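**Student:** Turn this into a structure:
(2 chains, ligands or ions: 6)
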There are 2 protein chains.
Amino acid sequence: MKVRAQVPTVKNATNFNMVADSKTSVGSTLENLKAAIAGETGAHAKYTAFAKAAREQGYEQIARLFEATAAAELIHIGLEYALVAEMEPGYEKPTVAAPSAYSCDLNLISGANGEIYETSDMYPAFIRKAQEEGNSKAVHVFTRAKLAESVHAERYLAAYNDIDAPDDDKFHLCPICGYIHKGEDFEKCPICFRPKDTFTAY
Amino acid sequence: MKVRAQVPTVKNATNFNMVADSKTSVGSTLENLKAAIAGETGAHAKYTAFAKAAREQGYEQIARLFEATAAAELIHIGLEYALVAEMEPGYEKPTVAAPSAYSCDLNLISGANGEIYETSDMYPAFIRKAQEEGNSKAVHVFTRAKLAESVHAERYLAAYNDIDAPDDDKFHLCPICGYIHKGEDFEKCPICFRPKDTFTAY
Ligand SMILES: [Fe+2]
Ligand SMILES: [Fe+2]
Ligand SMILES: [Fe+2]
Ligand SMILES: [Fe+2]
Ligand SMILES: [Fe+2]
Ligand SMILES: [Fe+2]
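**Tutor:** Residues are numbered from 1 along each chain as shown, chains lettered A, B, ... in the order given. Ligands and ions are numbered 1, 2, ... in the order given. The coordinates are given below.
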């Protein structure tokens, strides 16, 4: 993802349209934030399991990508939980069991498919509902997660295409939005402009 | 996609697995070749429509990507048609009507999803059946298409992430397998080793 002159938002970007045949149940923004957290929690468990399998399967770099992406979803959970807690103080984050893992290549595809659903269906739907209800904070959180998921999708497809051609690049994770960069060739996060110095390498 | 010491095949690559819950009806290799051609023909019509819509929407570079990918599918049709013609000289390639094109970002997602289905479901299923029936010619053709589709998927996701950050890079199409590269930084096709100077620029 290239760095634009300005931070991408639903207002200045053109990849925020939602699929017509949605597979997303849309309720109040509160309900949507909870649904997103549940999905994020499932994603974290999924990627954690995929990383474990990747290591057993002999793909150390891909394992690191799954670990970095799992960490990215934890960041999304933190952003969404902070808002939900404010909207419903006693709210308790859900626990999701580790899903089934398959061969590394298939796990990368499974990951990409989920990321695509979130960036083109779920989050855009939630963003528009938040706008409708005037919840600017939710719009911001959903936007950041949405942008990060499409980056995750691309990273997974790149890894799939080069599954037998790994390298020693590290994956740099932005602590603010979950953006992930492969390699050192970058200065800041293209999603939130966070300087590279505060990123964490995987 | 990185260039390896040798061209990728089902014999030396590890991303040829078929998703366990397949959405693909598998018949004889002859039937599968015809089914693949039908899908390729539909993809060509879809990308052609998407390209036209992209230009109307002001996305010149994305339009070029859709045009290059449409051309790539025609290459796949050629490879598959040649094999069918050998067993059934009377076989005629089908023609399909053009589908609707929506907003550019969603068209890129539709493209990516189709590419992912082909590379991780349909082609792996067809390749495996061809192997079980000892049809090496079909294994070869299905492999080339399969490898190109995952590259298409990545190119589409990359364009989606940078939908508002286009550049003047040309897309280079390999005339032999449909591989597509963005920019000039490459020496040969990572799928079939065709030299860069033989590619067609879009
Ligand atoms: Fe996420
Ligand atoms: Fe993600
Ligand atoms: Fe960021
Ligand atoms: Fe194709
Ligand atoms: Fe394709
Ligand atoms: Fe090629």
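
**Student:** hmm, whatever helix or strand residue A:43 lives in touching chain B?
**Tutor:** In this assignment (DSSP states H and E), residue A:43 forms part of helix A:29-56. No - contact between helix A:29-56 and chain B is absent, the nearest approach being 11.6 Å (criterion: CB under 8 Å from any CB of the partner chain). From N, CA and C alone the C-beta is placed, and that goes for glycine too.

**Student:** Now the residue of chain A found nearest ligand 6. Its backbone dihedrals?
**Tutor:** Using CB to the ion, the closest approach of chain A to ligand 6 is made by residue A:161 at 13.5 Å. Dihedral angles of residue A:161 (phi, psi; degrees, to the nearest 10) stand at phi -70, psi -30.

**Student:** nearest residue to it other than its sequence neighbours?
**Tutor:** Sequence neighbours aside, residue B:1 is the residue nearest to residue A:161 in space, at 4.5 Å (criterion: CB to CB, 6 or more residues apart in numbering or on different chains).

**Student:** ok, now residue A:74?
**Tutor:** Going by CB to CB, 6+ apart, residue A:74 has residue A:44 as its nearest residue, at 5.8 Å.

**Student:** May I have the residues that are in contact with the one you found?
**Tutor:** Counting by CB atoms under 8 Å, 6 or more residues apart in numbering or on different chains, residue A:44 touches A:70, A:73-74, A:77.

**Student:** And for residue A:36?
**Tutor:** Neighbour list for residue A:36: A:76, A:80, A:122-123, A:126, A:142, A:145 [criterion: CB under 8 Å, 6+ apart].

**Student:** Also residue A:29?
**Tutor:** By CB under 8 Å, 6+ apart, the residues touching residue A:29 are A:126, A:129-130, A:133, A:135, A:138.

**Student:** Buried only: go through those residues for me.
**Tutor:** Burial by neighbour count, judged by 16 or more other CB atoms under 10 Å in any protein chain shown, picks out A:126, A:129-130, A:135, A:138 from these.

**Student:** Can you tell me which of these is closest to ligand 1?
**Tutor:** The closest of these, once distances to ligand 1 are taken by CB to the ion, is residue A:126, at 12.0 Å.

**Student:** does any part of the helix or strand hosting that closest one sit near chain B?
**Tutor:** Taking DSSP H and E as the criterion, the element that holds residue A:126 is helix A:123-132. No - in terms of CB under 8 Å from any CB, no part of helix A:123-132 sits within range of chain B; the closest distance is 9.4 Å.

**Student:** ok now that helix, how far from the chain's centre?
**Tutor:** 17 Å (CA atoms, centre = their mean, to the nearest Å).

**Student:** Same question for whichever strand or helix holds residue A:82: list its buried residues.
**Tutor:** Residue A:82 is located in helix A:60-87, with elements delineated by DSSP H and E. By neighbour count on 16+ other CB under 10 Å, the buried set for helix A:60-87 is A:61-77, A:79-81, A:83-84, A:87.

**Student:** related to what we said a few turns ago, put together TSV for the contacts of residue A:44, with distance to ligand 2 on each row.
**Tutor:** Formatted as TSV, these follow (distance: CB to the ion, whole Å):
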residue	distance to ligand 2
A:70	9
A:73	6
A:74	11
A:77	11
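
**Student:** Name the nearest residue to residue A:105, sequence neighbours excluded.
**Tutor:** Once flanking residues are discounted, residue A:105 sits nearest to residue B:15: 3.9 Å by CB to CB, 6+ apart.

**Student:** wait, what's in contact with the residue positioned nearest the centre of chain A?
**Tutor:** Centroid-nearest residue in chain A, with CA atoms, centre = their mean: residue A:149, separated by 3.7 Å. By CB under 8 Å, 6+ apart, the contact list for residue A:149 reads A:115-116, A:118-119, A:123.

**Student:** Which of those residues fall within strands?
**Tutor:** In strands, judged by DSSP state E, none of the contacts of residue A:149 are found.

**Student:** from those, which single one is nearest residue A:91?
**Tutor:** Among the contacts of residue A:149, residue A:123 lies closest to residue A:91 (CB to CB), at 19.9 Å.

**Student:** Look up how far ligand 1 lies from the closest one.
**Tutor:** Counting by CB to the ion, to the nearest Å, the separation of residue A:123 from ligand 1 is 9 Å.

**Student:** tally of neighbours for the residue nearest to residue A:174 when sequence neighbours are not counted?
**Tutor:** Computed as CB to CB, 6+ apart, the closest residue to residue A:174 that is not its neighbour in sequence is residue A:189, at 4.2 Å. By the criterion of other CB atoms under 10 Å in any protein chain shown, residue A:189 has 28 neighbours.

**Student:** ok, residue A:189 touching residue A:176?
**Tutor:** Yes - the criterion here is CB atoms under 8 Å, and residue A:189 meets it with residue A:176 at 7.0 Å.

**Student:** Identify the residues contacting the residue of chain A closest to ligand 6.
**Tutor:** Residue A:161 neighbours (CB under 8 Å, 6+ apart): B:1, B:15, B:150-151, B:154.

**Student:** what sits against the closest residue to ligand 1 within chain A?
**Tutor:** In chain A, the residue that lies nearest ligand 1 is residue A:76 (3.7 Å; CB to the ion). Contacts for residue A:76 (CB under 8 Å, 6+ apart) come out as A:36, A:40, A:144-145, A:148, A:178.

**Student:** Go through those residues and name the one nearest ligand 2.
**Tutor:** Distance to ligand 2, by CB to the ion, is smallest for residue A:148 among the contacts of residue A:76, at 6.0 Å.

**Student:** So the helix or strand hosting that closest one, near ligand 2 or not?
**Tutor:** Per DSSP H and E: residue A:148 is located in helix A:136-161. Yes - for helix A:136-161 and ligand 2, the contact criterion (CB under 5 Å from the ion) is met by A:149, A:152.

**Student:** could you give the angle of that helix to helix A:123-132?
**Tutor:** With axes from the mean of the first three to the mean of the last three CA atoms, to 10 degrees defining the directions, helix A:136-161 sits at 170 degrees from helix A:123-132.
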